[PDB]
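Engineer: One structure coming up, written as structure tokens, with questions to follow.
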Amino acid sequence: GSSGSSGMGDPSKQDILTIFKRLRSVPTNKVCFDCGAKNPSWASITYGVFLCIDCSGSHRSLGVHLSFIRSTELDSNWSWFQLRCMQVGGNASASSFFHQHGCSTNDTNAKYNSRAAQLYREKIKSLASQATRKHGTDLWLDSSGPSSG
Ligand SMILES: [Zn+2]
């Protein structure tokens, strides 16, 4: 129940592109984890997966609370914590994670509304910290250049 202070600057386009350039590279990430559409702009931070304008729509219906959707080419006002969620997840990660439990469900309003799915989301939040906390904003990867102030 901690509101959370605000003493840091949001990630710029470049930085955001750097976090997506690494995830996109992957063949299982550059394809809508749902159908497999290549260059899946749409991305779901909740499950840190890649979706396509087609599928992404379904998620939006569920409710930003159930599955938040954010583009990569347009949406630039991303949150450090979020961005990571994508790196600390991946498509395959879920493709298996789910089965491991035994979802045996395809439906979007069900497969995602199932326990197996939930477990994932939470997990993403945790890991996201490992990367986020790391040198706070300073892109763990390397020193991009801290702006005076
Ligand atoms: Zn799709």
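Here, A, B, ... name the chains of the structure tokens in the order displayed, residue numbers run from 1 inside each chain, and ligands are numbered from 1 in the same displayed order.
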To check your reading of the model: which residues sit at most 8 Å from ligand 1 when counting only C-alpha atoms and all ligand atoms? Write the answer as a ChimeraX atom specification.

Structural biologist: /A:31-37,40,51-56

Engineer: Next, the residues of the selection above should be written as a short mmCIF file (atom, residue, chain, number, x, y, z; two decimals), in the first residue's frame with N, CA and C atoms.

Structural biologist:
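To be explicit, this is the file written out as again.cif:
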data_model
loop_
_atom_site.label_atom_id
_atom_site.label_comp_id
_atom_site.auth_asym_id
_atom_site.auth_seq_id
_atom_site.Cartn_x
_atom_site.Cartn_y
_atom_site.Cartn_z
N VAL A 31 6.77 -12.22 -33.46
CA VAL A 31 5.55 -12.81 -33.99
C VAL A 31 4.47 -12.89 -32.92
N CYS A 32 3.36 -12.20 -33.17
CA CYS A 32 2.24 -12.19 -32.23
C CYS A 32 2.10 -13.55 -31.54
N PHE A 33 2.48 -13.61 -30.27
CA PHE A 33 2.40 -14.84 -29.50
C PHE A 33 1.02 -15.49 -29.66
N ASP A 34 0.04 -14.68 -30.05
CA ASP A 34 -1.32 -15.17 -30.24
C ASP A 34 -1.43 -15.97 -31.54
N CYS A 35 -1.36 -15.26 -32.66
CA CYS A 35 -1.45 -15.90 -33.97
C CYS A 35 -0.07 -16.15 -34.56
N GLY A 36 0.81 -15.16 -34.43
CA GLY A 36 2.16 -15.29 -34.95
C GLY A 36 2.50 -14.20 -35.96
N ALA A 37 1.60 -13.23 -36.10
CA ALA A 37 1.81 -12.13 -37.04
C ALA A 37 3.18 -11.49 -36.82
N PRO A 40 4.70 -7.69 -34.73
CA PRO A 40 3.55 -7.41 -33.87
C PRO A 40 3.73 -6.14 -33.04
N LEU A 51 1.47 -8.75 -29.45
CA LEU A 51 0.20 -9.00 -30.11
C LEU A 51 0.07 -8.17 -31.38
N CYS A 52 -0.97 -8.45 -32.17
CA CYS A 52 -1.21 -7.73 -33.41
C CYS A 52 -2.53 -6.98 -33.36
N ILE A 53 -2.59 -5.84 -34.04
CA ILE A 53 -3.80 -5.02 -34.07
C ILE A 53 -5.05 -5.89 -34.00
N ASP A 54 -4.97 -7.07 -34.61
CA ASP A 54 -6.10 -8.00 -34.62
C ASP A 54 -6.38 -8.53 -33.22
N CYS A 55 -5.45 -9.33 -32.70
CA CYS A 55 -5.60 -9.90 -31.37
C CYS A 55 -5.62 -8.81 -30.31
N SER A 56 -4.59 -7.97 -30.30
CA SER A 56 -4.49 -6.89 -29.33
C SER A 56 -5.88 -6.34 -28.98
#

Engineer: Which residues come within 12 Å of residue A:139, counting only C-alpha atoms, excluding same-chain residues fewer than 3 positions away, as a PDB file with N, CA and C atoms, in the first residue's frame?

Structural biologist:
ATOM      1  N   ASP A  10      11.264   9.871 -17.097  1.00  0.00           N
ATOM      2  CA  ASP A  10      10.761   8.770 -17.911  1.00  0.00           C
ATOM      3  C   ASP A  10      11.720   8.456 -19.055  1.00  0.00           C
ATOM      4  N   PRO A  11      11.674   7.208 -19.541  1.00  0.00           N
ATOM      5  CA  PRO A  11      12.532   6.753 -20.639  1.00  0.00           C
ATOM      6  C   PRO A  11      12.157   7.391 -21.971  1.00  0.00           C
ATOM      7  N   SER A  12      13.160   7.880 -22.693  1.00  0.00           N
ATOM      8  CA  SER A  12      12.935   8.518 -23.985  1.00  0.00           C
ATOM      9  C   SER A  12      12.707   7.475 -25.073  1.00  0.00           C
ATOM     10  N   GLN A  14      14.445   6.628 -27.870  1.00  0.00           N
ATOM     11  CA  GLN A  14      15.635   5.810 -28.076  1.00  0.00           C
ATOM     12  C   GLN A  14      15.684   4.659 -27.078  1.00  0.00           C
ATOM     13  N   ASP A  15      15.829   4.995 -25.801  1.00  0.00           N
ATOM     14  CA  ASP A  15      15.890   3.989 -24.747  1.00  0.00           C
ATOM     15  C   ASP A  15      14.823   2.920 -24.954  1.00  0.00           C
ATOM     16  N   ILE A  16      13.583   3.358 -25.146  1.00  0.00           N
ATOM     17  CA  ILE A  16      12.472   2.438 -25.356  1.00  0.00           C
ATOM     18  C   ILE A  16      12.725   1.534 -26.557  1.00  0.00           C
ATOM     19  N   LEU A  17      13.297   2.108 -27.610  1.00  0.00           N
ATOM     20  CA  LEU A  17      13.596   1.354 -28.823  1.00  0.00           C
ATOM     21  C   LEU A  17      14.689   0.322 -28.568  1.00  0.00           C
ATOM     22  N   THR A  18      15.579   0.631 -27.630  1.00  0.00           N
ATOM     23  CA  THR A  18      16.674  -0.270 -27.289  1.00  0.00           C
ATOM     24  C   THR A  18      16.161  -1.509 -26.565  1.00  0.00           C
ATOM     25  N   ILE A  19      15.126  -1.328 -25.753  1.00  0.00           N
ATOM     26  CA  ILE A  19      14.540  -2.433 -25.004  1.00  0.00           C
ATOM     27  C   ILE A  19      13.680  -3.312 -25.905  1.00  0.00           C
ATOM     28  N   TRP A  80       9.513   2.833 -17.161  1.00  0.00           N
ATOM     29  CA  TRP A  80      10.676   1.979 -16.950  1.00  0.00           C
ATOM     30  C   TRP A  80      10.254   0.585 -16.505  1.00  0.00           C
ATOM     31  N   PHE A  81       9.549   0.515 -15.380  1.00  0.00           N
ATOM     32  CA  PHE A  81       9.085  -0.761 -14.848  1.00  0.00           C
ATOM     33  C   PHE A  81       8.404  -1.589 -15.934  1.00  0.00           C
ATOM     34  N   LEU A  83       8.418  -1.277 -19.519  1.00  0.00           N
ATOM     35  CA  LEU A  83       9.370  -1.672 -20.550  1.00  0.00           C
ATOM     36  C   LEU A  83      10.036  -2.998 -20.198  1.00  0.00           C
ATOM     37  N   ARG A  84      10.659  -3.048 -19.024  1.00  0.00           N
ATOM     38  CA  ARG A  84      11.334  -4.256 -18.569  1.00  0.00           C
ATOM     39  C   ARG A  84      10.398  -5.459 -18.632  1.00  0.00           C
ATOM     40  N   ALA A 131      15.435  -5.967 -13.322  1.00  0.00           N
ATOM     41  CA  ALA A 131      15.964  -5.136 -14.397  1.00  0.00           C
ATOM     42  C   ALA A 131      15.751  -3.655 -14.102  1.00  0.00           C
ATOM     43  N   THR A 132      14.565  -3.320 -13.605  1.00  0.00           N
ATOM     44  CA  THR A 132      14.235  -1.938 -13.282  1.00  0.00           C
ATOM     45  C   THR A 132      15.170  -1.386 -12.210  1.00  0.00           C
ATOM     46  N   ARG A 133      15.114  -1.977 -11.021  1.00  0.00           N
ATOM     47  CA  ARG A 133      15.955  -1.543  -9.912  1.00  0.00           C
ATOM     48  C   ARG A 133      17.397  -1.341 -10.371  1.00  0.00           C
ATOM     49  N   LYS A 134      17.896  -2.280 -11.167  1.00  0.00           N
ATOM     50  CA  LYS A 134      19.260  -2.206 -11.675  1.00  0.00           C
ATOM     51  C   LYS A 134      19.597  -0.789 -12.127  1.00  0.00           C
ATOM     52  N   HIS A 135      20.552  -0.166 -11.444  1.00  0.00           N
ATOM     53  CA  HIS A 135      20.968   1.192 -11.776  1.00  0.00           C
ATOM     54  C   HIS A 135      19.763   2.061 -12.123  1.00  0.00           C
ATOM     55  N   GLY A 136      18.704   1.939 -11.329  1.00  0.00           N
ATOM     56  CA  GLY A 136      17.503   2.718 -11.570  1.00  0.00           C
ATOM     57  C   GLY A 136      17.247   2.949 -13.046  1.00  0.00           C
ATOM     58  N   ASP A 142      23.930  -0.297 -20.723  1.00  0.00           N
ATOM     59  CA  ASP A 142      25.110   0.560 -20.751  1.00  0.00           C
ATOM     60  C   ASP A 142      24.741   2.004 -20.431  1.00  0.00           C
ATOM     61  N   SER A 143      25.752   2.822 -20.157  1.00  0.00           N
ATOM     62  CA  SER A 143      25.533   4.226 -19.830  1.00  0.00           C
ATOM     63  C   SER A 143      25.189   5.028 -21.082  1.00  0.00           C
ATOM     64  N   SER A 144      23.907   5.336 -21.246  1.00  0.00           N
ATOM     65  CA  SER A 144      23.443   6.096 -22.401  1.00  0.00           C
ATOM     66  C   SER A 144      23.822   7.569 -22.270  1.00  0.00           C
ATOM     67  N   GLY A 145      23.634   8.117 -21.073  1.00  0.00           N
ATOM     68  CA  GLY A 145      23.960   9.511 -20.837  1.00  0.00           C
ATOM     69  C   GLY A 145      22.915  10.215 -19.994  1.00  0.00           C
ATOM     70  N   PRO A 146      23.187  10.336 -18.685  1.00  0.00           N
ATOM     71  CA  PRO A 146      22.274  10.991 -17.744  1.00  0.00           C
ATOM     72  C   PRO A 146      22.194  12.497 -17.965  1.00  0.00           C
TER      73      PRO A 146
END

Engineer: Quick one, how far is atom CA of residue A:98 from atom CA of residue A:116?

Structural biologist: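 The value is 5.6 Å.
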
Engineer: Can you work out the spacing between atom CA of residue A:7 and atom CA of residue A:77 in Å, to one decimal?

Structural biologist: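 Separation of atom CA of residue A:7 and atom CA of residue A:77: 16.3 Å.
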
Engineer: Grab the atom CA of residue A:119 to atom CA of residue A:23 distance for me, in Å with one decimal place.

Structural biologist: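 Between atom CA of residue A:119 and atom CA of residue A:23 the gap works out to 21.6 Å.
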
Engineer: Determine the nearest neighbour of residue A:120 from the options A:106, A:87, A:93, A:3, counting only C-alpha atoms.

Structural biologist: A:93

Engineer: From the options A:2, A:72, A:25, A:82, which residue's atoms come nearest to residue A:127, counting only C-alpha atoms?

Structural biologist: A:82

Engineer: Enumerate, as a ChimeraX atom specification, the complete set of residues in stretch 32-116 of chain A that a backbone-based DSSP assignment places in strand (DSSP E).

Structural biologist: /A:43-44,49-50,69-70

Engineer: So which one's closest to residue A:123, A:46, A:76, A:137, A:148? Using only C-alpha atoms, please.

Structural biologist: A:46

Engineer: Would you pick out the contacts of stretch 67-69 of chain A at 8 Å or less, using only C-alpha atoms, so that residues sharing its chain but fewer than 6 positions from it are not included, and give the list as a PyMOL selection string?

Structural biologist: chain A and resi 42-47+56+59-60

Engineer: Can you list, as a PDB file with C-alpha atoms, in the first residue's frame, every residue of stretch 4-88 of chain A that DSSP puts in helix (DSSP H, G or I)?

Structural biologist:
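What follows is the written file part.pdb:
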ATOM      1  CA  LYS A  13      12.104   7.051 -27.394  1.00  0.00           C
ATOM      2  CA  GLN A  14      15.635   5.810 -28.076  1.00  0.00           C
ATOM      3  CA  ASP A  15      15.890   3.989 -24.747  1.00  0.00           C
ATOM      4  CA  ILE A  16      12.472   2.438 -25.356  1.00  0.00           C
ATOM      5  CA  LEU A  17      13.596   1.354 -28.823  1.00  0.00           C
ATOM      6  CA  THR A  18      16.674  -0.270 -27.289  1.00  0.00           C
ATOM      7  CA  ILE A  19      14.540  -2.433 -25.004  1.00  0.00           C
ATOM      8  CA  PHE A  20      12.340  -3.458 -27.932  1.00  0.00           C
ATOM      9  CA  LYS A  21      15.213  -3.979 -30.370  1.00  0.00           C
ATOM     10  CA  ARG A  22      16.520  -6.748 -28.114  1.00  0.00           C
ATOM     11  CA  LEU A  23      13.166  -8.473 -27.605  1.00  0.00           C
ATOM     12  CA  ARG A  24      12.053  -8.073 -31.219  1.00  0.00           C
ATOM     13  CA  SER A  25      15.267  -9.691 -32.454  1.00  0.00           C
ATOM     14  CA  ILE A  53      -3.796  -5.023 -34.071  1.00  0.00           C
ATOM     15  CA  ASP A  54      -6.101  -7.998 -34.623  1.00  0.00           C
ATOM     16  CA  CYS A  55      -5.597  -9.902 -31.370  1.00  0.00           C
ATOM     17  CA  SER A  56      -4.494  -6.885 -29.330  1.00  0.00           C
ATOM     18  CA  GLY A  57      -8.104  -5.805 -29.759  1.00  0.00           C
ATOM     19  CA  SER A  58      -9.474  -8.749 -27.793  1.00  0.00           C
ATOM     20  CA  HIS A  59      -7.244  -7.914 -24.826  1.00  0.00           C
ATOM     21  CA  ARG A  60      -8.387  -4.285 -24.854  1.00  0.00           C
ATOM     22  CA  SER A  61     -11.952  -5.552 -24.463  1.00  0.00           C
ATOM     23  CA  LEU A  62     -11.103  -7.558 -21.343  1.00  0.00           C
ATOM     24  CA  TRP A  80      10.676   1.979 -16.950  1.00  0.00           C
ATOM     25  CA  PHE A  81       9.085  -0.761 -14.848  1.00  0.00           C
ATOM     26  CA  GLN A  82       6.791  -1.629 -17.755  1.00  0.00           C
ATOM     27  CA  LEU A  83       9.370  -1.672 -20.550  1.00  0.00           C
ATOM     28  CA  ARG A  84      11.334  -4.256 -18.569  1.00  0.00           C
ATOM     29  CA  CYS A  85       8.210  -6.371 -18.076  1.00  0.00           C
ATOM     30  CA  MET A  86       8.626  -7.128 -21.780  1.00  0.00           C
ATOM     31  CA  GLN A  87      12.253  -8.219 -21.429  1.00  0.00           C
TER      32      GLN A  87
END

Engineer: Nearest to residue A:79: which of A:110, A:104, A:1, A:9 is it, counting only C-alpha atoms?

Structural biologist: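 Of A:110, A:104, A:1, A:9, the one nearest residue A:79 is A:9, counting only C-alpha atoms.
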
Engineer: Under the rule that only C-alpha atoms are counted, which of A:147, A:126, A:91, A:118 is the nearest residue to residue A:48?

Structural biologist: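 Looking only at the distances to residue A:48, the closest residue turns out to be A:91.
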
Engineer: Rank A:64, A:88, A:149, A:117 by their smallest atom-to-atom distance to residue A:129, using only C-alpha atoms, and report the top residue only.

Structural biologist: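 Of A:64, A:88, A:149, A:117, the one nearest residue A:129 is A:88, counting only C-alpha atoms.
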